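Trainee: Please find one structure pasted underneath; my questions will follow.
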Amino acid sequence: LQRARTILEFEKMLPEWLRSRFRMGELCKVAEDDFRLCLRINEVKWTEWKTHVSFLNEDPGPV
Amino acid sequence: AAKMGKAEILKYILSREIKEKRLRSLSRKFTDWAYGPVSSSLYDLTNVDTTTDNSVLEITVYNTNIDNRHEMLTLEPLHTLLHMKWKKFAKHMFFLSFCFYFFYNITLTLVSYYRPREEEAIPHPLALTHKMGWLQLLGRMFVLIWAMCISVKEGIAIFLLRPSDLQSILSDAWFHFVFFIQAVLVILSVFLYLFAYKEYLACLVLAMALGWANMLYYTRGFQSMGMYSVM
Amino acid sequence: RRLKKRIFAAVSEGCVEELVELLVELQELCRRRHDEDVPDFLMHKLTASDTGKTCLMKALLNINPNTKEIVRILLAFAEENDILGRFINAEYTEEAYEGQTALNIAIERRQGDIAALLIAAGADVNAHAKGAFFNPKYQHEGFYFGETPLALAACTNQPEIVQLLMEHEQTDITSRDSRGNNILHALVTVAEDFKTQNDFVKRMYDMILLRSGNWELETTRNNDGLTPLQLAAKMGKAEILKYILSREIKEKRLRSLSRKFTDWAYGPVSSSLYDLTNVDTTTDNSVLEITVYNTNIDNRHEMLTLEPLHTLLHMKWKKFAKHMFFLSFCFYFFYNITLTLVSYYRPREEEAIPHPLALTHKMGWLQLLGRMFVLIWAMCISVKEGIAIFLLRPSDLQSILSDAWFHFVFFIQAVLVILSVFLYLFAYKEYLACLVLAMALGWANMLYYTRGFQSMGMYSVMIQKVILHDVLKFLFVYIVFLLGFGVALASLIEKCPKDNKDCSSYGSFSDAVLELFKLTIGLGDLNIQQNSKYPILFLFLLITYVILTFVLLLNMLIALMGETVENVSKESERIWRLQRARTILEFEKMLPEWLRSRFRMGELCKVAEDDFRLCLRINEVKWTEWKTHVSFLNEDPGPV
Ligand SMILES: CCCCCCCC/C=C/CCCCCCCC(=O)O[C@@H](COC(=O)CCCCCCCCCCCCCCC)COP(=O)([O-])OCC[N+](C)(C)C
Ligand SMILES: CCCCCCCC/C=C/CCCCCCCC(=O)O[C@@H](COC(=O)CCCCCCCCCCCCCCC)COP(=O)([O-])OCC[N+](C)(C)C
Ligand SMILES: CCCCCCCC/C=C\CCCCCCCC(=O)O[C@@H](COC(=O)CCCCCCCCCCCCCCC)COP(=O)([O-])OCC[N+](C)(C)C
Ligand SMILES: CCCCCCCC/C=C\CCCCCCCC(=O)O[C@@H](COC(=O)CCCCCCCCCCCCCCC)COP(=O)([O-])OCC[N+](C)(C)C
Ligand SMILES: CCCCCCCC/C=C\CCCCCCCC(=O)O[C@@H](COC(=O)CCCCCCCCCCCCCCC)COP(=O)([O-])OCC[N+](C)(C)C
Ligand SMILES: CCCCCCCC/C=C\CCCCCCCC(=O)O[C@@H](COC(=O)CCCCCCCCCCCCCCC)COP(=O)([O-])OCC[N+](C)(C)C
Ligand SMILES: CCCCCCCC/C=C\CCCCCCCC(=O)O[C@@H](COC(=O)CCCCCCCCCCCCCCC)COP(=O)([O-])OCC[N+](C)(C)C
Ligand SMILES: CCCCCCCC/C=C\CCCCCCCC(=O)O[C@@H](COC(=O)CCCCCCCCCCCCCCC)COP(=O)([O-])OCC[N+](C)(C)C
Ligand SMILES: CCCCCCCC/C=C\CCCCCCCC(=O)O[C@@H](COC(=O)CCCCCCCCCCCCCCC)COP(=O)([O-])OCC[N+](C)(C)C
Ligand SMILES: CCCCCCCC/C=C\CCCCCCCC(=O)O[C@@H](COC(=O)CCCCCCCCCCCCCCC)COP(=O)([O-])OCC[N+](C)(C)C
Ligand SMILES: CCCCCCCC/C=C\CCCCCCCC(=O)O[C@@H](COC(=O)CCCCCCCCCCCCCCC)COP(=O)([O-])OCC[N+](C)(C)C
Ligand SMILES: NCCOB(c1ccccc1)c1ccccc1
Ligand SMILES: NCCOB(c1ccccc1)c1ccccc1
Ligand SMILES: NCCOB(c1ccccc1)c1ccccc1
Ligand SMILES: NCCOB(c1ccccc1)c1ccccc1
């Protein structure tokens, strides 16, 4: 919690033009006319095996 | 859920993935692609990332009224956003803050104890004179500015411009005072010497003793060094 | 145009009835050409132009409840136009998907009924998906499974389709991809722990090996040059390496695929034989050699615990490695004493001090045998470590610099003995300075020989763990408490030039810091506290300095008890046994060719018809499970 306070106090020190450069997220079309700044986190799960029907891109890969 | 510390409700809302169609837009967790065991997820950051007035990441860290902030910042977007800010700019700013302050404590010692004079009616340090040299000129100019750059900035923090010292600073942020007191006593000892008082040396020793004492703030850059300083 | 996009969309949501007239509209346009362009033109309108995705690939990526009937319509249309062969065996033209077919899609989407229908329709069961997604760069840019449809069904836990593919006789089980891997190399790569996945990759290894029934799959090496037995030792896959190395097949006609054989059994007492073909250190790359010298994995203690790797590493210690370790101790303990006796046991008045190890006459055979022993043994280390660290296989990329730091300190101590002789003959003033650092490092290197005993060895690891990792935590907080009271006490100390008769101080700040060293180590006085400005105020900062020092010493003990007092004793016990395991295999390389054959383990055991293997015997007494014994080599029990 001492580091987590230190990170957010360093972000307030930055100017307006430099906070936009280090901004996280990307525009992802999650629905019809719904663009959200989403952040990607990958996961490798071996235990549960299901067929995949809920997805945004049918082509797998960071393209 | 971020203000009251309700971690199990805050875990559900922040990672809500609705599989059934026509209610897909009520989700905050989306799967972009999947191939066997490898899958890619997308976490919504509408009111979570620190780009608005009140965000979930800002409320959770600065909440000194709850006792479960470690259980709430462990959650997968709040963990990752707090980790990606460290790798981009916060580790570089923390090391850069260490370099200007470690040079600040040495220069206070070199102007106070590295001058052998017989008596010469002892001059107080940080007193800008001529005929001296650019080595000592760049030294005392660095100490004079950096003592004021802390005193003004901490003068914004503790005082009138959003003082925040009700219970916020006085609970988990006690380092704001000790950087402020050390910055004043450098400036105040110069004012006592120009006003011809006998307390110019006494305020300077407590300024240098508190200056090396405040080096324990920079122990939080490492985990093993940081956990040892908490004990 | 509009005709192409409607066919791609109709196979996506599941409009079965809409797809009917769209294939009729594609069929009504065929009667304006002849048979040279009609099979060509249908490939342009059923596939893409930039990626190569077909209508069959689009329907299988979108799993809908009408996915079974929609495949039967599209494949029947290709049969009527006699284009079924190039339709089902189509591939992506994309660089990140090159080689992926429609069969690779249906296997991953858990469609066993559709994948059985594609193979009967004529799909290629030996498709090689050589794209950039299926062969990643370092980690997690994709998913490497083996680039074959047999490996995709095996690595995604689909045992019904693996049995379907092996019965099909166009399936080449011994196929090798761009990485040189086959079906058994790829199962070692994707394998993980039992907590991580399951034990299913061990069961997939069992099913495929028994169907082949030969020693062709575990003998073939990849482009790197490793067997599937040697990838388990290189990558650190302990659960797969446990299964292969102790594989006992009970069912006959596949008995020769075993690496564990039972020689005899009588009730609870049984005798086993472990195969040592590529395990014992008699070839170039062996399992015992790869596992010990692998500084890229963090589970060497779990792999050398296994029953033949434990026993071979223990039998080498009892035969020659304990005797060589004690003999190395005796020549080096005599080496450190003789350096001291030639340097401090000579009382001479001045006589223009002679440097030691200088061979003169008229001296005696006591000192002659002494200095000749030191001169040779310093060169015997410097040449041998000159082979190790340097040109003759230097190996200092990450191998020596990770778990073998003793190679440098024996080398530096050997040079400084030789270099100090060279500085004295060249008439320089550094002959004595290099000799003291040679003797101080010589007694410091006696901690290498602590690994002969367990209790002595575990204690020396804890010393190396505190100094290299945990002392800089103590020091960096000590100096800020040193200089915190250092600038405070320096203003209290009255200046030394009061008399200047015995004044040899180094400054006001230097007097305050040096007294805080002496008061910590226990050599402090009270001469400055009496002759100070404020004597009572000078004492209270010294009392506070002791309290802060005791807090620093008391939190070092809590930090060395981090979260469990047992796990500190565990990590010093695991990495001690790797220091002995490296020491055993380095002593084996020192032996000549005729002497390694004398201490070789194993014996010829006829395990099958014309199958003689160097097996090692390990006895076992098991009381829990009671079975009748039908799998045995000798019907007469006993070591005869
Ligand atoms: C005359 C008597 C002789 C000396 C007495 C013995 C001195 C030995 C002192 C040793 C220091 C350690 C214990 C002190 C108290 C904790 C540190 C602190 O200030 O709080 C904060 C800063 O912590 C930092 O890391 C920044 C500065 C550290 C030292 C500040 C000076 C303290 C001495 C004062 C005067 C010394 C005299 C200087 C001359 C004027 C802790 O960080 P936080 O962000 O708030 O989060 C934790 C919240 N919590 C703690 C509430 C859980
Ligand atoms: C001037 C300052 C005053 C003295 C300072 C205090 C000295 C006190 C020192 C105390 C020794 C203990 C800590 C030292 C570092 C660890 C031991 C080591 O070297 O590595 C190896 C040697 O394995 C040995 O144990 C043999 C030699 C031990 C001492 C080597 C000299 C180090 C002194 C330095 C110069 C002293 C001056 C000598 C004169 C030139 C450890 O074995 P390993 O096979 O690599 O496996 C472990 C791998 N791991 C560690 C990466 C996990
Ligand atoms: C406008 C344009 C500007 C130009 C460009 C600007 C950019 C250039 C900026 C910077 C230049 C280049 C930097 C590159 C990255 C290095 C940063 C780094 O090392 O991180 C360190 C931060 O830094 C510190 O923590 C320093 C403080 C030392 C720790 C304790 C000593 C102090 C207390 C005792 C007193 C002793 C002192 C002596 C006695 C008084 C540590 O971070 P980390 O550990 O690596 O993080 C990993 C997290 N982990 C912990 C989980 C592992
Ligand atoms: C890293 C740990 C050790 C740190 C260094 C050891 C500490 C001290 C080193 C040595 C002890 C004393 C020997 C001489 C001191 C240097 C020169 C001098 O005399 O100072 C003079 C000015 O001083 C200043 O105003 C500027 C500071 C000078 C640079 C020294 C610290 C650099 C550390 C970088 C830190 C940045 C962070 C780095 C990233 C971590 C003092 O004035 P003077 O009385 O008139 O002296 C006359 C002599 N003269 C004419 C020749 C000038
Ligand atoms: C030189 C550079 C410096 C480097 C130093 C090292 C350099 C060399 C590197 C490594 C060698 C280290 C020493 C040898 C091995 C020691 C370990 C050991 O176990 O001892 C074994 C010695 O081995 C024997 O079997 C004894 C045979 C001696 C007869 C020699 C005559 C012919 C060889 C010609 C000789 C000249 C060579 C060829 C020249 C023409 C004894 O076995 P044991 O276990 O004790 O079993 C007894 C137990 N029991 C009685 C209960 C049954
Ligand atoms: C070419 C023909 C050659 C002729 C024939 C050649 C053959 C004849 C050869 C040899 C002659 C006969 C030997 C027979 C077997 C005895 C050896 C032995 O005991 O093994 C010892 C090895 O040896 C050492 O470890 C010595 C080092 C002592 C450790 C601590 C002192 C060093 C550091 C402190 C500094 C203090 C020193 C003073 C201050 C500087 C230990 O092994 P073990 O423990 O018994 O093994 C059991 C494993 N256990 C751990 C599970 C229990
Ligand atoms: C085991 C723990 C204790 C170790 C022993 C205690 C340490 C020391 C014992 C006593 C302290 C000093 C008293 C006299 C020293 C002996 C003789 C001498 O004078 O040395 C001389 C030569 O020295 C050499 O070159 C050879 C070494 C001599 C044998 C001594 C160590 C044997 C240990 C075996 C270890 C192997 C491994 C064993 C397995 C573990 C010194 O030369 P000098 O200055 O000209 O002296 C003139 C006197 N003189 C003419 C009479 C020669
Ligand atoms: C200018 C820049 C800033 C400079 C100031 C700061 C510099 C940084 C200084 C200390 C912080 C450590 C940073 C290392 C890398 C970061 C990763 C990390 O988390 O640290 C870890 C990596 O452990 C190490 O690598 C220790 C660093 C020393 C390496 C060897 C130097 C020789 C020691 C010479 C010694 C002196 C000779 C002795 C006699 C006099 C440390 O973790 P740990 O401590 O092992 O905790 C484990 C305990 N537990 C499992 C129970 C929890
Ligand atoms: C964690 C790291 C370490 C932490 C910090 C280390 C411990 C910090 C503790 C103490 C810091 C140092 C205290 C003394 C400083 C001045 C000494 C001096 O020079 O005396 C001189 C100045 O004379 C005076 O004016 C003051 C004399 C002492 C006043 C004592 C009050 C402070 C006690 C502590 C309470 C403070 C509360 C602190 C908060 C708890 C006397 O010299 P003179 O020639 O006879 O008189 C002529 C005057 N002239 C020279 C200017 C012309
Ligand atoms: C990594 C630390 C070790 C290396 C850096 C050393 C840092 C400095 C530490 C100690 C000083 C050692 C070198 C400086 C000058 C020589 C001696 C001296 O002090 O006396 C001088 C005045 O005496 C004073 O009163 C000056 C001391 C105050 C300024 C020095 C501390 C700087 C910041 C604190 C440390 C910040 C960094 C600490 C972070 C850990 C006069 O010298 P002399 O007595 O007449 O003798 C002649 C000198 N000669 C023979 C050498 C020619
Ligand atoms: C962690 C515990 C360590 C202490 C606090 C740690 C922080 C330390 C910081 C600041 C501490 C406070 C600084 C006080 C300065 C001394 C002034 C004084 O007393 O008058 C006189 C001494 O007269 C005496 O002799 C009094 C006896 C001294 C000890 C008291 C007995 C304790 C019994 C009760 C049990 C309670 C035990 C204590 C409470 C725990 C004069 O003393 P002087 O000034 O040196 O002489 C100069 C003359 N001049 C002024 C005319 C020039
Ligand atoms: N498992 C450790 C996760 O660490 B957390 C963390 C995240 C980013 C940077 C540094 C640490 C963390 C956990 C609770 C509160 C605050 C931060
Ligand atoms: N001195 C004005 C700001 O100080 B900084 C600062 C002040 C007190 C505590 C911690 C940091 C600073 C921040 C980032 C980089 C460099 C310095
Ligand atoms: N149960 C203790 C077995 O010890 B092992 C061992 C084997 C031979 C000689 C000495 C020790 C061992 C275990 C893991 C790694 C390396 C060696
Ligand atoms: N000095 C040349 C070889 O040294 B040996 C050696 C040198 C350094 C560290 C460990 C061993 C040696 C090995 C076995 C028996 C005797 C000596």
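Each chain of the structure tokens is named A, B, ... in the order shown, its residues numbered from 1; ligands are numbered from 1 in display order.
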Do a neighbour search on residue 144 (chain C) at 8 Å with only C-alpha atoms, toss out local chain neighbours closer than 5 positions, and write the hits as a PDB file with C-alpha atoms, in the first residue's frame.
Mentor:
ATOM      1  CA  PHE C 134       1.239 -22.080 -34.058  1.00  0.00           C
ATOM      2  CA  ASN C 135       5.038 -21.692 -33.745  1.00  0.00           C
ATOM      3  CA  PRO C 136       5.541 -18.741 -31.344  1.00  0.00           C
ATOM      4  CA  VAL C 190       3.198 -28.908 -23.389  1.00  0.00           C
TER       5      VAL C 190
END
Trainee: List as JSON lines every residue of region 75-165 of chain B that is in contact with region 32-49 of chain A, defined as an atom at most 9 Å from one of its atoms (using only C-alpha atoms), together with the nearest atom pair and the distance in Å rounded to one decimal, sorted by chain and then rising number.
Mentor:
{"residue": "B:76", "atom": "CA", "partner": "A:41", "partner_atom": "CA", "distance": 8.7}
{"residue": "B:77", "atom": "CA", "partner": "A:39", "partner_atom": "CA", "distance": 8.1}
{"residue": "B:80", "atom": "CA", "partner": "A:41", "partner_atom": "CA", "distance": 8.4}
{"residue": "B:81", "atom": "CA", "partner": "A:39", "partner_atom": "CA", "distance": 8.7}
Trainee: For chain C, report every residue with an atom at most 10 Å from chain B (counting only C-alpha atoms), formatted as JSON, numbers by chain.
Mentor: {"C": [105, 107, 108, 109, 110, 140, 141, 142, 143, 145, 152, 155, 156, 157, 469, 470, 472, 473, 474, 476, 477, 479, 480, 481, 482, 483, 484, 485, 486, 487, 488, 489, 490, 491, 497, 507, 508, 509, 510, 551, 552, 554, 555, 556, 558, 559]}
Trainee: Please provide the set of residues having any atom within 12 Å of residue 19 (chain A), restricted to only C-alpha atoms, with same-chain residues fewer than 5 positions apart removed, written as a ChimeraX atom specification.
Mentor: /A:8,10-14,24 /B:49-51,85,88-90
Trainee: Identify every residue of chain C that has at least one atom within 12 Å of any atom of chain A, counting only C-alpha atoms, and report the result as number ranges by chain.
Mentor: C: 12-13, 51, 53, 57-65, 92, 94-97, 100, 105-112, 131-136, 139-143, 155-158, 190-201
